[PDB]
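Mind the numbering: the sequence shown is residues 172 to 202, 209 to 224, 227 to 228, 234 to 439 in PDB author numbering, read in order.
For each residue, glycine too, the CB sits at the ideal point set by N, CA and C.
First comes the structure, then the notes that go with it.
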Amino acid sequence: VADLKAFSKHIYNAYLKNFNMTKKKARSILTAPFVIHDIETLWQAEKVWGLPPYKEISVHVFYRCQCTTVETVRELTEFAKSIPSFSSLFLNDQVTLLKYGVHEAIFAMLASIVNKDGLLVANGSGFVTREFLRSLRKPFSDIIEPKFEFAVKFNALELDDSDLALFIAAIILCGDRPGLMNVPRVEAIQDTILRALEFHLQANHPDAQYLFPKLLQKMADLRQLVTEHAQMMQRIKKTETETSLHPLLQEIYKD
Ligand SMILES: O=C(O)CCCCCOc1ccccc1CN(C(=O)c1ccc(-c2ccco2)cc1)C1CCCC1
Ligand SMILES: CCCCCCCO[C@@H]1O[C@H](CO)[C@@H](O)[C@H](O)[C@H]1O
Numbered sequence: 172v173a174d175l176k177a178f179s180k181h182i183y184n185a186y187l188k189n190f191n192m193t194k195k196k197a198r199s200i201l202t209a210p211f212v213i214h215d216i217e218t219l220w221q222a223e224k227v228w234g235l236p237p238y239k240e241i242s243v244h245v246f247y248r249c250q251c252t253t254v255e256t257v258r259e260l261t262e263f264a265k266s267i268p269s270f271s272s273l274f275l276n277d278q279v280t281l282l283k284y285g286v287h288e289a290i291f292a293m294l295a296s297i298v299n300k301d302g303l304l305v306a307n308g309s310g311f312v313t314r315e316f317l318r319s320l321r322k323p324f325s326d327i328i329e330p331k332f333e334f335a336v337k338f339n340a341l342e343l344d345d346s347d348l349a350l351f352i353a354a355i356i357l358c359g360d361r362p363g364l365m366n367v368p369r370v371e372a373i374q375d376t377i378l379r380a381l382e383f384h385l386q387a388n389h390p391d392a393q394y395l396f397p398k399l400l401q402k403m404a405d406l407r408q409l410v411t412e413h414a415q416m417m418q419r420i421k422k423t424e425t426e427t428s429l430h431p432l433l434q435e436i437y438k439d
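So, in structure tokens, the structure goes:
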């Protein structure tokens with residue numbers, strides 16, 4: 172309880188140092210950004228704002249998701265490396281962790297910039313509506329909406345940034361990942377983060393009953409969210425041959 176408090180402080184600093192936007196700053200903005214809600218406003222935003237050559241509205245928007253997804257893998261990688269227990273693993277295990285962990289963490293973190301009406305883009309200087317993203321053609325509308333369903337429920341838990349750092353540290357440092365070399369070591373670290381999380385919630389959310397087991401179920405739900413995301417990504421790679429898929433995301437899905 173004493174030790175695990177110090178542990179959590181370090182993981183929080185890892186978080187504050189590496190992530191380009193806190194949930195704190197996102198809610199404050201979300202409560209002014211340029212609203213993108215149709216083709217004209219997307220154009221004006223671009224003309227708020234170097235991607236692959238143009239194809240069409242839905243694909244262009246998918247290119248922008250893809251670029252932000254890659255940018256977030258970057259942050260998550262620096263954040264992981266800022267955790268001494270992560271950085272102490274052999275480099276191959278770090279890659280295995282990030283490979284199977286980042287999309288779960290990405291979708292967890294995504295909730296911070298989402299409300300029921302849309303999400304922030306371009307570092308908070310823009311806001312893209314959910315109805316606009318719903319209007320894109322299949323399969324680009326289908327891959328977007330489920331993340332929204334997840335976020336609004338997740339945001340009802342009202343985690344702050346110090347909760348999120350442990351929660352995401354817990355997602356990354358997961359002994360379950362296929363092809364781990366040193367499983368007992370990663371399981372041990374995961375257990376520690378989870379114990380630290382449990383205590384942290386006790387102090388930070390003293391009136392929130394069931395919050396810890398609530399968040400453990402969200403980790404199980406994120407796992408299913410990502411399975412469905414990869415399946416949709418398989419369909420896009422198969423039916424949308426003219427859409428470019430970033431090589432880094434390719435190396436992640438190839439598993
Ligand atoms: O999986 C992969 O690796 C392949 C990529 C598919 C990812 C599916 O993308 C989704 C789905 C749901 C919610 C958000 C996003 C994309 N994101 C955005 O922040 C974002 C960025 C730009 C726009 C935009 C600009 C102009 C008009 O719209 C809109 C949203 C999040 C997601 C996680 C990191 C970023
Ligand atoms: C930047 C952090 C995220 C990295 C995620 C990408 C991991 O890709 C994997 O890299 C391995 C070599 O390291 C290959 O042996 C695997 O075939 C490949 O799937």
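With respect to the 8 Å criterion, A372 and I267 are not classified as neighbours on the basis of their beta carbons.
Of the candidates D375, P397, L317 and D391, the residue whose Cα lies closest to the Cα of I241 is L317. Take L273, set aside five residues on each side of it, and the residues of its chain with a beta-carbon closer than 8 Å to its own are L281, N366, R369 and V370, in chain order.
Unbroken alpha helix (DSSP H) runs of no fewer than 4 residues, entirely contained in the segment 282 to 346, are found at 314 to 319 and 329 to 339, following chain order. Sixteen is the threshold: when 16 or more other Cβ atoms of the shown chains lie within 10 Å of the Cβ of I327, as they do, the residue is buried. Following the DSSP letters along the chain, one finds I200 inside the alpha helix (DSSP H) bounded by residues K194 to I200.
Judged by DSSP in its simplified three-state form, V212 adopts strand. By the Cβ rule, the segment 382 to 399 does not count as touching the segment 287 to 300, because fewer than three pairs are nearer than 8 Å. At a threshold of 7 Å, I436 counts as near ligand 2, since its beta carbon sits closer than that to one of the ligand's heavy atoms. Between the alpha carbons of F332 and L303 lies a distance of about 9 Å.
For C358, the shortest separation between its Cβ and any heavy atom of ligand 1 does not lie below 7 Å. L432 counts as exposed, since fewer than 16 other beta carbons sit within 10 angstroms of its beta carbon. Setting aside the 5 residues that flank it on each side, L350 is surrounded in the same chain by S179, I182, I377, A380, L381 and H384, each with a C-beta closer than 7 Å to its C-beta; the list follows chain order. Under the criterion of beta carbons closer than 8 Å, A306 and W228 qualify as touching, at roughly 6 Å. With a 10 Å radius around the Cβ and a threshold of 16 neighbouring Cβ atoms, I216 comes out exposed. With contacts defined by Cβ atoms closer than 8 Å, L399 and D277 do not form a contacting pair. Of the other Cβ atoms in all chains shown, 16 or more fall within 10 Å of the Cβ of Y284; this residue is therefore buried. Across the set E288, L409, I200 and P237, the C-alpha of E288 shows the shortest separation from the C-alpha of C358.
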